[PDB]
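> If it helps, the file is called entry28.cif and holds mmCIF, N, CA and C atoms:
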```cif
data_my_file
#
loop_
_atom_site.group_PDB
_atom_site.id
_atom_site.type_symbol
_atom_site.label_atom_id
_atom_site.label_comp_id
_atom_site.auth_asym_id
_atom_site.auth_seq_id
_atom_site.Cartn_x
_atom_site.Cartn_y
_atom_site.Cartn_z
ATOM 1 N N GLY F 1 -56.166 -21.212 287.516
ATOM 2 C CA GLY F 1 -56.705 -22.558 287.587
ATOM 3 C C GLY F 1 -56.818 -23.062 289.013
ATOM 4 N N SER F 2 -57.782 -22.525 289.754
ATOM 5 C CA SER F 2 -57.990 -22.921 291.141
ATOM 6 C C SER F 2 -56.759 -22.608 291.986
ATOM 7 N N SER F 3 -56.272 -21.377 291.875
ATOM 8 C CA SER F 3 -55.096 -20.951 292.626
ATOM 9 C C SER F 3 -55.502 -20.205 293.894
ATOM 10 N N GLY F 4 -54.993 -20.666 295.032
ATOM 11 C CA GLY F 4 -55.313 -20.033 296.298
ATOM 12 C C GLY F 4 -54.188 -20.151 297.306
ATOM 13 N N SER F 5 -54.526 -20.564 298.524
ATOM 14 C CA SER F 5 -53.535 -20.713 299.583
ATOM 15 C C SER F 5 -53.701 -22.050 300.299
ATOM 16 N N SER F 6 -52.645 -22.857 300.284
ATOM 17 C CA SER F 6 -52.673 -24.165 300.927
ATOM 18 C C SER F 6 -52.692 -24.024 302.446
ATOM 19 N N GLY F 7 -53.209 -25.044 303.123
ATOM 20 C CA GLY F 7 -53.276 -25.014 304.573
ATOM 21 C C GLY F 7 -54.000 -26.217 305.144
ATOM 22 N N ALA F 8 -53.366 -27.382 305.061
ATOM 23 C CA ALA F 8 -53.957 -28.612 305.574
ATOM 24 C C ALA F 8 -53.522 -28.872 307.011
ATOM 25 N N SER F 9 -54.338 -28.423 307.962
ATOM 26 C CA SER F 9 -54.034 -28.603 309.377
ATOM 27 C C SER F 9 -53.935 -30.084 309.727
ATOM 28 N N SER F 10 -52.740 -30.645 309.570
ATOM 29 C CA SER F 10 -52.512 -32.054 309.865
ATOM 30 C C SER F 10 -51.023 -32.384 309.827
ATOM 31 N N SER F 11 -50.601 -33.291 310.703
ATOM 32 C CA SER F 11 -49.200 -33.692 310.773
ATOM 33 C C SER F 11 -49.075 -35.206 310.912
ATOM 34 N N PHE F 12 -48.489 -35.840 309.902
ATOM 35 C CA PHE F 12 -48.308 -37.287 309.910
ATOM 36 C C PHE F 12 -46.827 -37.650 309.947
ATOM 37 N N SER F 13 -46.463 -38.538 310.867
ATOM 38 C CA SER F 13 -45.076 -38.966 311.010
ATOM 39 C C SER F 13 -44.750 -40.086 310.027
ATOM 40 N N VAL F 14 -43.909 -39.776 309.045
ATOM 41 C CA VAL F 14 -43.514 -40.756 308.040
ATOM 42 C C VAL F 14 -42.014 -41.022 308.092
ATOM 43 N N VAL F 15 -41.639 -42.292 307.968
ATOM 44 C CA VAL F 15 -40.235 -42.680 307.999
ATOM 45 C C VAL F 15 -39.476 -42.096 306.813
ATOM 46 N N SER F 16 -38.314 -41.513 307.090
ATOM 47 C CA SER F 16 -37.492 -40.912 306.046
ATOM 48 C C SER F 16 -36.877 -41.986 305.154
ATOM 49 N N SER F 17 -37.367 -42.074 303.921
ATOM 50 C CA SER F 17 -36.869 -43.061 302.970
ATOM 51 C C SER F 17 -35.721 -42.488 302.144
ATOM 52 N N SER F 18 -34.497 -42.867 302.500
ATOM 53 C CA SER F 18 -33.313 -42.389 301.796
ATOM 54 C C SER F 18 -33.393 -42.725 300.310
ATOM 55 N N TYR F 19 -32.768 -41.890 299.487
ATOM 56 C CA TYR F 19 -32.769 -42.095 298.043
ATOM 57 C C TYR F 19 -31.842 -43.243 297.655
ATOM 58 N N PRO F 20 -32.165 -43.912 296.539
ATOM 59 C CA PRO F 20 -31.374 -45.038 296.034
ATOM 60 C C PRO F 20 -30.017 -44.598 295.494
ATOM 61 N N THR F 21 -28.984 -45.375 295.800
ATOM 62 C CA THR F 21 -27.633 -45.065 295.346
ATOM 63 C C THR F 21 -27.314 -45.780 294.039
ATOM 64 N N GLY F 22 -26.117 -45.538 293.514
ATOM 65 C CA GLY F 22 -25.711 -46.168 292.271
ATOM 66 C C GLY F 22 -26.741 -45.999 291.172
ATOM 67 N N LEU F 23 -27.104 -44.753 290.889
ATOM 68 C CA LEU F 23 -28.087 -44.459 289.853
ATOM 69 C C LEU F 23 -27.431 -44.409 288.477
ATOM 70 N N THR F 24 -28.031 -45.104 287.515
ATOM 71 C CA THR F 24 -27.506 -45.138 286.156
ATOM 72 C C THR F 24 -28.634 -45.190 285.132
ATOM 73 N N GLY F 25 -28.813 -44.095 284.400
ATOM 74 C CA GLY F 25 -29.859 -44.036 283.396
ATOM 75 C C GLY F 25 -30.083 -42.631 282.874
ATOM 76 N N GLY F 26 -31.188 -42.436 282.160
ATOM 77 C CA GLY F 26 -31.495 -41.128 281.612
ATOM 78 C C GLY F 26 -32.540 -40.389 282.425
ATOM 79 N N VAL F 27 -32.298 -40.272 283.728
ATOM 80 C CA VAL F 27 -33.226 -39.584 284.618
ATOM 81 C C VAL F 27 -32.586 -38.339 285.223
ATOM 82 N N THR F 28 -33.405 -37.320 285.469
ATOM 83 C CA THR F 28 -32.919 -36.073 286.046
ATOM 84 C C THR F 28 -33.661 -35.738 287.334
ATOM 85 N N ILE F 29 -32.923 -35.251 288.327
ATOM 86 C CA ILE F 29 -33.513 -34.890 289.610
ATOM 87 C C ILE F 29 -34.227 -33.545 289.528
ATOM 88 N N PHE F 30 -35.412 -33.472 290.125
ATOM 89 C CA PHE F 30 -36.196 -32.243 290.121
ATOM 90 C C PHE F 30 -36.851 -32.010 291.480
ATOM 91 N N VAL F 31 -36.916 -30.748 291.890
ATOM 92 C CA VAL F 31 -37.518 -30.389 293.169
ATOM 93 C C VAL F 31 -38.714 -29.465 292.974
ATOM 94 N N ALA F 32 -39.728 -29.632 293.818
ATOM 95 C CA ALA F 32 -40.929 -28.810 293.741
ATOM 96 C C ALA F 32 -40.817 -27.588 294.645
ATOM 97 N N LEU F 33 -40.829 -26.406 294.039
ATOM 98 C CA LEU F 33 -40.728 -25.159 294.789
ATOM 99 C C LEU F 33 -42.095 -24.726 295.312
ATOM 100 N N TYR F 34 -43.140 -25.055 294.562
ATOM 101 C CA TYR F 34 -44.501 -24.701 294.949
ATOM 102 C C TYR F 34 -45.334 -25.950 295.220
ATOM 103 N N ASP F 35 -46.183 -25.877 296.237
ATOM 104 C CA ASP F 35 -47.039 -27.001 296.601
ATOM 105 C C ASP F 35 -48.201 -27.138 295.622
ATOM 106 N N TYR F 36 -48.282 -28.290 294.965
ATOM 107 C CA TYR F 36 -49.344 -28.546 293.999
ATOM 108 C C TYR F 36 -50.212 -29.719 294.442
ATOM 109 N N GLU F 37 -51.342 -29.900 293.765
ATOM 110 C CA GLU F 37 -52.260 -30.985 294.088
ATOM 111 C C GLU F 37 -52.736 -31.691 292.822
ATOM 112 N N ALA F 38 -52.459 -32.988 292.734
ATOM 113 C CA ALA F 38 -52.859 -33.779 291.577
ATOM 114 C C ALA F 38 -54.351 -33.627 291.298
ATOM 115 N N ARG F 39 -54.677 -32.970 290.189
ATOM 116 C CA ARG F 39 -56.067 -32.754 289.809
ATOM 117 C C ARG F 39 -56.747 -34.076 289.463
ATOM 118 N N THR F 40 -56.074 -34.888 288.653
ATOM 119 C CA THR F 40 -56.613 -36.179 288.245
ATOM 120 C C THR F 40 -55.582 -37.288 288.424
ATOM 121 N N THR F 41 -56.059 -38.525 288.506
ATOM 122 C CA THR F 41 -55.177 -39.674 288.678
ATOM 123 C C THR F 41 -53.966 -39.579 287.758
ATOM 124 N N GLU F 42 -54.180 -39.050 286.556
ATOM 125 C CA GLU F 42 -53.103 -38.905 285.584
ATOM 126 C C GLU F 42 -52.020 -37.965 286.107
ATOM 127 N N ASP F 43 -52.444 -36.914 286.801
ATOM 128 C CA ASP F 43 -51.512 -35.940 287.357
ATOM 129 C C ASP F 43 -50.792 -36.510 288.575
ATOM 130 N N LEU F 44 -49.605 -35.983 288.855
ATOM 131 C CA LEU F 44 -48.815 -36.440 289.993
ATOM 132 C C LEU F 44 -48.932 -35.468 291.163
ATOM 133 N N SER F 45 -49.244 -36.001 292.340
ATOM 134 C CA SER F 45 -49.388 -35.180 293.537
ATOM 135 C C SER F 45 -48.033 -34.933 294.192
ATOM 136 N N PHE F 46 -47.605 -33.675 294.195
ATOM 137 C CA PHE F 46 -46.326 -33.304 294.789
ATOM 138 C C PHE F 46 -46.479 -32.085 295.694
ATOM 139 N N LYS F 47 -45.499 -31.876 296.566
ATOM 140 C CA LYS F 47 -45.523 -30.747 297.488
ATOM 141 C C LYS F 47 -44.212 -29.970 297.430
ATOM 142 N N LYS F 48 -44.213 -28.771 298.002
ATOM 143 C CA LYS F 48 -43.024 -27.928 298.019
ATOM 144 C C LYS F 48 -41.909 -28.575 298.835
ATOM 145 N N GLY F 49 -40.869 -29.034 298.147
ATOM 146 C CA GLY F 49 -39.752 -29.667 298.826
ATOM 147 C C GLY F 49 -39.725 -31.169 298.621
ATOM 148 N N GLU F 50 -40.342 -31.628 297.536
ATOM 149 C CA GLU F 50 -40.387 -33.053 297.230
ATOM 150 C C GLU F 50 -39.665 -33.351 295.919
ATOM 151 N N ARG F 51 -38.893 -34.433 295.909
ATOM 152 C CA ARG F 51 -38.146 -34.827 294.720
ATOM 153 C C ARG F 51 -38.947 -35.819 293.880
ATOM 154 N N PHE F 52 -38.607 -35.909 292.598
ATOM 155 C CA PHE F 52 -39.295 -36.818 291.689
ATOM 156 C C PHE F 52 -38.405 -37.177 290.502
ATOM 157 N N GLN F 53 -38.422 -38.450 290.120
ATOM 158 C CA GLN F 53 -37.616 -38.923 289.002
ATOM 159 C C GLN F 53 -38.319 -38.659 287.674
ATOM 160 N N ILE F 54 -37.763 -37.745 286.887
ATOM 161 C CA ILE F 54 -38.337 -37.402 285.591
ATOM 162 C C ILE F 54 -38.229 -38.569 284.616
ATOM 163 N N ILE F 55 -39.358 -39.221 284.356
ATOM 164 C CA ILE F 55 -39.390 -40.354 283.438
ATOM 165 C C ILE F 55 -39.500 -39.886 281.991
ATOM 166 N N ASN F 56 -40.440 -38.981 281.738
ATOM 167 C CA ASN F 56 -40.647 -38.450 280.395
ATOM 168 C C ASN F 56 -40.764 -36.929 280.422
ATOM 169 N N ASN F 57 -39.948 -36.264 279.612
ATOM 170 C CA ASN F 57 -39.960 -34.807 279.543
ATOM 171 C C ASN F 57 -40.105 -34.331 278.101
ATOM 172 N N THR F 58 -41.024 -34.953 277.368
ATOM 173 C CA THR F 58 -41.263 -34.594 275.976
ATOM 174 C C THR F 58 -42.022 -33.277 275.870
ATOM 175 N N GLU F 59 -43.131 -33.178 276.596
ATOM 176 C CA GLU F 59 -43.947 -31.969 276.582
ATOM 177 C C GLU F 59 -43.693 -31.127 277.828
ATOM 178 N N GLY F 60 -43.218 -29.902 277.622
ATOM 179 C CA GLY F 60 -42.939 -29.016 278.737
ATOM 180 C C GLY F 60 -44.144 -28.819 279.636
ATOM 181 N N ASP F 61 -45.321 -28.707 279.028
ATOM 182 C CA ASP F 61 -46.554 -28.512 279.782
ATOM 183 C C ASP F 61 -46.557 -29.365 281.046
ATOM 184 N N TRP F 62 -46.433 -30.675 280.870
ATOM 185 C CA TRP F 62 -46.424 -31.601 281.998
ATOM 186 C C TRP F 62 -45.452 -32.751 281.751
ATOM 187 N N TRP F 63 -44.608 -33.028 282.738
ATOM 188 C CA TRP F 63 -43.630 -34.105 282.627
ATOM 189 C C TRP F 63 -44.004 -35.275 283.529
ATOM 190 N N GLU F 64 -43.760 -36.490 283.046
ATOM 191 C CA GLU F 64 -44.073 -37.691 283.810
ATOM 192 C C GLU F 64 -42.908 -38.078 284.718
ATOM 193 N N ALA F 65 -43.160 -38.085 286.022
ATOM 194 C CA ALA F 65 -42.134 -38.438 286.996
ATOM 195 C C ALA F 65 -42.673 -39.418 288.032
ATOM 196 N N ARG F 66 -41.766 -40.081 288.742
ATOM 197 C CA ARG F 66 -42.152 -41.048 289.762
ATOM 198 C C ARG F 66 -41.517 -40.703 291.106
ATOM 199 N N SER F 67 -42.316 -40.138 292.005
ATOM 200 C CA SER F 67 -41.831 -39.757 293.326
ATOM 201 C C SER F 67 -40.904 -40.826 293.895
ATOM 202 N N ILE F 68 -39.842 -40.386 294.561
ATOM 203 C CA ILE F 68 -38.878 -41.304 295.155
ATOM 204 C C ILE F 68 -39.221 -41.595 296.613
ATOM 205 N N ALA F 69 -39.853 -40.628 297.270
ATOM 206 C CA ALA F 69 -40.241 -40.780 298.667
ATOM 207 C C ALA F 69 -41.465 -41.678 298.802
ATOM 208 N N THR F 70 -42.608 -41.187 298.332
ATOM 209 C CA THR F 70 -43.852 -41.945 298.403
ATOM 210 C C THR F 70 -43.879 -43.052 297.355
ATOM 211 N N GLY F 71 -43.284 -42.782 296.197
ATOM 212 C CA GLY F 71 -43.253 -43.767 295.132
ATOM 213 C C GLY F 71 -44.403 -43.604 294.158
ATOM 214 N N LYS F 72 -45.033 -42.434 294.179
ATOM 215 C CA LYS F 72 -46.155 -42.153 293.292
ATOM 216 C C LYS F 72 -45.673 -41.893 291.869
ATOM 217 N N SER F 73 -46.617 -41.748 290.945
ATOM 218 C CA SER F 73 -46.288 -41.497 289.547
ATOM 219 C C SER F 73 -47.444 -40.806 288.832
ATOM 220 N N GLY F 74 -47.114 -39.832 287.989
ATOM 221 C CA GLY F 74 -48.136 -39.108 287.256
ATOM 222 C C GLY F 74 -47.553 -38.038 286.353
ATOM 223 N N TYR F 75 -48.153 -36.854 286.380
ATOM 224 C CA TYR F 75 -47.689 -35.744 285.554
ATOM 225 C C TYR F 75 -47.566 -34.466 286.378
ATOM 226 N N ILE F 76 -46.414 -33.813 286.277
ATOM 227 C CA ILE F 76 -46.168 -32.577 287.010
ATOM 228 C C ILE F 76 -45.745 -31.455 286.069
ATOM 229 N N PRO F 77 -46.238 -30.237 286.342
ATOM 230 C CA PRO F 77 -45.923 -29.056 285.532
ATOM 231 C C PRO F 77 -44.473 -28.612 285.696
ATOM 232 N N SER F 78 -43.756 -28.525 284.580
ATOM 233 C CA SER F 78 -42.357 -28.115 284.601
ATOM 234 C C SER F 78 -42.228 -26.643 284.979
ATOM 235 N N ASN F 79 -43.368 -25.982 285.157
ATOM 236 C CA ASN F 79 -43.383 -24.570 285.521
ATOM 237 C C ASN F 79 -43.384 -24.399 287.037
ATOM 238 N N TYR F 80 -43.435 -25.516 287.752
ATOM 239 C CA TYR F 80 -43.443 -25.492 289.210
ATOM 240 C C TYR F 80 -42.218 -26.202 289.775
ATOM 241 N N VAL F 81 -41.776 -27.248 289.082
ATOM 242 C CA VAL F 81 -40.613 -28.014 289.512
ATOM 243 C C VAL F 81 -39.383 -27.656 288.685
ATOM 244 N N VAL F 82 -38.223 -27.642 289.334
ATOM 245 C CA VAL F 82 -36.973 -27.317 288.659
ATOM 246 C C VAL F 82 -35.875 -28.309 289.028
ATOM 247 N N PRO F 83 -34.907 -28.486 288.116
ATOM 248 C CA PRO F 83 -33.783 -29.404 288.323
ATOM 249 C C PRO F 83 -32.819 -28.907 289.394
ATOM 250 N N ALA F 84 -32.415 -29.808 290.284
ATOM 251 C CA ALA F 84 -31.491 -29.461 291.357
ATOM 252 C C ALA F 84 -30.137 -29.039 290.799
ATOM 253 N N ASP F 85 -29.977 -29.163 289.486
ATOM 254 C CA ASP F 85 -28.729 -28.793 288.828
ATOM 255 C C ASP F 85 -28.816 -27.385 288.250
ATOM 256 N N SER F 86 -29.957 -27.067 287.647
ATOM 257 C CA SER F 86 -30.165 -25.754 287.049
ATOM 258 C C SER F 86 -31.169 -24.940 287.861
ATOM 259 N N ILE F 87 -31.271 -25.254 289.148
ATOM 260 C CA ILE F 87 -32.193 -24.552 290.033
ATOM 261 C C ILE F 87 -32.292 -23.076 289.663
ATOM 262 N N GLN F 88 -33.389 -22.709 289.009
ATOM 263 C CA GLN F 88 -33.607 -21.327 288.599
ATOM 264 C C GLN F 88 -34.053 -20.472 289.781
ATOM 265 N N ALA F 89 -34.531 -21.128 290.832
ATOM 266 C CA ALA F 89 -34.990 -20.430 292.027
ATOM 267 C C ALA F 89 -34.208 -20.875 293.258
ATOM 268 N N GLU F 90 -32.984 -21.344 293.037
ATOM 269 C CA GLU F 90 -32.135 -21.804 294.130
ATOM 270 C C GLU F 90 -32.351 -20.956 295.381
ATOM 271 N N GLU F 91 -32.696 -19.689 295.177
ATOM 272 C CA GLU F 91 -32.931 -18.773 296.288
ATOM 273 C C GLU F 91 -33.643 -19.483 297.437
ATOM 274 N N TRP F 92 -34.489 -20.447 297.094
ATOM 275 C CA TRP F 92 -35.233 -21.202 298.096
ATOM 276 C C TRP F 92 -34.287 -21.981 299.003
ATOM 277 N N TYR F 93 -33.303 -22.639 298.399
ATOM 278 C CA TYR F 93 -32.334 -23.424 299.153
ATOM 279 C C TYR F 93 -31.237 -22.531 299.726
ATOM 280 N N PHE F 94 -30.928 -21.454 299.012
ATOM 281 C CA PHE F 94 -29.898 -20.518 299.448
ATOM 282 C C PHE F 94 -30.264 -19.891 300.790
ATOM 283 N N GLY F 95 -31.501 -19.414 300.896
ATOM 284 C CA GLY F 95 -31.954 -18.796 302.128
ATOM 285 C C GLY F 95 -32.743 -19.753 303.000
ATOM 286 N N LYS F 96 -33.671 -20.481 302.389
ATOM 287 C CA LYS F 96 -34.496 -21.437 303.117
ATOM 288 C C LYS F 96 -34.024 -22.866 302.866
ATOM 289 N N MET F 97 -33.002 -23.284 303.604
ATOM 290 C CA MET F 97 -32.457 -24.629 303.463
ATOM 291 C C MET F 97 -33.488 -25.678 303.868
ATOM 292 N N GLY F 98 -34.615 -25.218 304.402
ATOM 293 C CA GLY F 98 -35.663 -26.129 304.823
ATOM 294 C C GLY F 98 -35.146 -27.225 305.735
ATOM 295 N N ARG F 99 -34.863 -28.388 305.157
ATOM 296 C CA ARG F 99 -34.362 -29.521 305.926
ATOM 297 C C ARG F 99 -33.399 -30.361 305.092
ATOM 298 N N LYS F 100 -32.215 -30.611 305.639
ATOM 299 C CA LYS F 100 -31.203 -31.402 304.947
ATOM 300 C C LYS F 100 -30.033 -31.719 305.874
ATOM 301 N N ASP F 101 -29.162 -32.618 305.430
ATOM 302 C CA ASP F 101 -27.998 -33.008 306.218
ATOM 303 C C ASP F 101 -26.715 -32.459 305.602
ATOM 304 N N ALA F 102 -25.670 -32.355 306.416
ATOM 305 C CA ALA F 102 -24.386 -31.846 305.950
ATOM 306 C C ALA F 102 -23.589 -32.934 305.241
ATOM 307 N N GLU F 103 -22.932 -32.563 304.147
ATOM 308 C CA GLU F 103 -22.133 -33.510 303.378
ATOM 309 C C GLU F 103 -20.757 -33.699 304.006
ATOM 310 N N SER F 104 -20.685 -34.566 305.011
ATOM 311 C CA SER F 104 -19.429 -34.834 305.701
ATOM 312 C C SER F 104 -18.666 -35.966 305.020
ATOM 313 N N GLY F 105 -17.424 -35.687 304.637
ATOM 314 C CA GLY F 105 -16.607 -36.691 303.979
ATOM 315 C C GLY F 105 -15.561 -36.081 303.067
ATOM 316 N N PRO F 106 -14.422 -35.678 303.652
ATOM 317 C CA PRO F 106 -13.320 -35.070 302.903
ATOM 318 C C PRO F 106 -12.614 -36.069 301.993
ATOM 319 N N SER F 107 -12.751 -37.352 302.314
ATOM 320 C CA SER F 107 -12.124 -38.408 301.527
ATOM 321 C C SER F 107 -12.484 -38.272 300.050
ATOM 322 N N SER F 108 -13.782 -38.261 299.763
ATOM 323 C CA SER F 108 -14.260 -38.141 298.390
ATOM 324 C C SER F 108 -13.540 -37.010 297.662
ATOM 325 N N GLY F 109 -12.676 -37.375 296.721
ATOM 326 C CA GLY F 109 -11.936 -36.382 295.966
ATOM 327 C C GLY F 109 -12.840 -35.501 295.125
#
```
Will you turn the file into structure tokens for me?


Amino acid sequence: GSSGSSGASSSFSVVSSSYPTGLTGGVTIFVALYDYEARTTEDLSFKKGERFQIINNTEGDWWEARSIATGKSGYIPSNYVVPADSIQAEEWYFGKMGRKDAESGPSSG
């Protein structure tokens, strides 16, 4: 389905929007391992290394989530995104940590 190789020669400086704390509800964290492109307004535009709040996960085909960074919302294929808890391809983070900060704080039991 229009599968090729991404390559958008462009670099935009965007402020790092930290994630919201004190989360309470029926939402699950998911990360995009492969860079996808929202085909239609209904679909959600996500990239490799982007998080999204799973709002509805009734149909495996496509799940409705709301990006936490940009704040977008649509539908993303569960065959491309995986839960940071059951990371089936953790290998990405295991070897390619990409970008992240160290969890400093021994206090937290």

> If I take atom C of residue 96 (chain F) and atom C of residue 54 (chain F), how far is one from the other in Å, to one decimal?

24.4 Å

> For the atom pair atom C of residue 102 (chain F) and atom C of residue 14 (chain F), what is the interatomic distance in Å to one decimal place?

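Going from atom C of residue 102 (chain F) over to atom C of residue 14 (chain F), I get 20.3 Å.
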
> Please list as a ChimeraX atom specification every residue within 6.5 Å of region 69-73 of chain F, counting all atoms listed in the file and excluding residues in the same chain fewer than 6 positions away.

/F:17,42-45,51

> Give me, as a PyMOL selection string, the residues of chain F that a backbone DSSP run labels strand (DSSP E or B).

chain F and resi 29-32+51-56+63-67+73-76+81-83

> Distance CA of residue 38 (chain F)-CA of residue 77 (chain F), one decimal place?

10.3 Å

> Evaluated on this file, the PyMOL selection byres ((chain F and resi 76) around 6.5) picks out some residues - which ones are they, written as a list in words?

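For this structure, the PyMOL selection byres ((chain F and resi 76) around 6.5) resolves to residues 43, 44, 61, 62, 63, 64, 65, 74, 75, 77, 78 and 79 of chain F.
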
> Can I get the selected residues back with N, CA and C atoms, as a CSV table (one decimal), in the frame of the given file?


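Once written, out-v1.csv looks like this:
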```
chain,number,residue,atom,x,y,z
F,43,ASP,N,-52.4,-36.9,286.8
F,43,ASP,CA,-51.5,-35.9,287.4
F,43,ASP,C,-50.8,-36.5,288.6
F,44,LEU,N,-49.6,-36.0,288.9
F,44,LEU,CA,-48.8,-36.4,290.0
F,44,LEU,C,-48.9,-35.5,291.2
F,61,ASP,N,-45.3,-28.7,279.0
F,61,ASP,CA,-46.6,-28.5,279.8
F,61,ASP,C,-46.6,-29.4,281.0
F,62,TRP,N,-46.4,-30.7,280.9
F,62,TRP,CA,-46.4,-31.6,282.0
F,62,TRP,C,-45.5,-32.8,281.8
F,63,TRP,N,-44.6,-33.0,282.7
F,63,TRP,CA,-43.6,-34.1,282.6
F,63,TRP,C,-44.0,-35.3,283.5
F,64,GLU,N,-43.8,-36.5,283.0
F,64,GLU,CA,-44.1,-37.7,283.8
F,64,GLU,C,-42.9,-38.1,284.7
F,65,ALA,N,-43.2,-38.1,286.0
F,65,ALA,CA,-42.1,-38.4,287.0
F,65,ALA,C,-42.7,-39.4,288.0
F,74,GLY,N,-47.1,-39.8,288.0
F,74,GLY,CA,-48.1,-39.1,287.3
F,74,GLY,C,-47.6,-38.0,286.4
F,75,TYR,N,-48.2,-36.9,286.4
F,75,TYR,CA,-47.7,-35.7,285.6
F,75,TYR,C,-47.6,-34.5,286.4
F,77,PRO,N,-46.2,-30.2,286.3
F,77,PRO,CA,-45.9,-29.1,285.5
F,77,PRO,C,-44.5,-28.6,285.7
F,78,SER,N,-43.8,-28.5,284.6
F,78,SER,CA,-42.4,-28.1,284.6
F,78,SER,C,-42.2,-26.6,285.0
F,79,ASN,N,-43.4,-26.0,285.2
F,79,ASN,CA,-43.4,-24.6,285.5
F,79,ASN,C,-43.4,-24.4,287.0
```

> Return the padded bounding box of region 18-22 of chain F as JSON: axis-aligned, built from all atoms listed in the file, 8 Å added on each side, with centre and edge lengths in Å to one decimal.


```
{"center_x": -30.1, "center_y": -44.0, "center_z": 296.8, "size_x": 24.8, "size_y": 20.3, "size_z": 27.3}
```

> Leaving out residue 48 (chain F) and any residue of its chain fewer than 2 positions from it, which residues lie within 8 Å of it when counting only C-alpha atoms, given as a VMD selection string?

chain F and resid 31 to 36 46 50

> Given the choices F:30, F:20, F:56, F:5, which gets closest to residue 87 (chain F) if the distance is worked out from only C-alpha atoms?

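Ranked by minimum distance to residue 87 (chain F), first place goes to F:30.
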
> For each of F:21, F:37, F:28, F:60, take the minimum atom-to-atom distance to residue 8 (chain F), counting only C-alpha atoms, then give the residue where this is smallest.

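Distance minimum relative to residue 8 (chain F) lands on F:37.
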
> Which residue, F:26, F:57, F:41, F:49, has the smallest gap to residue 100 (chain F) when you use only C-alpha atoms?

F:49

> With distances taken over all atoms listed in the file, which of F:23, F:68, F:29, F:55 is nearest to residue 85 (chain F)?

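Selected residue with least distance to residue 85 (chain F): F:29.
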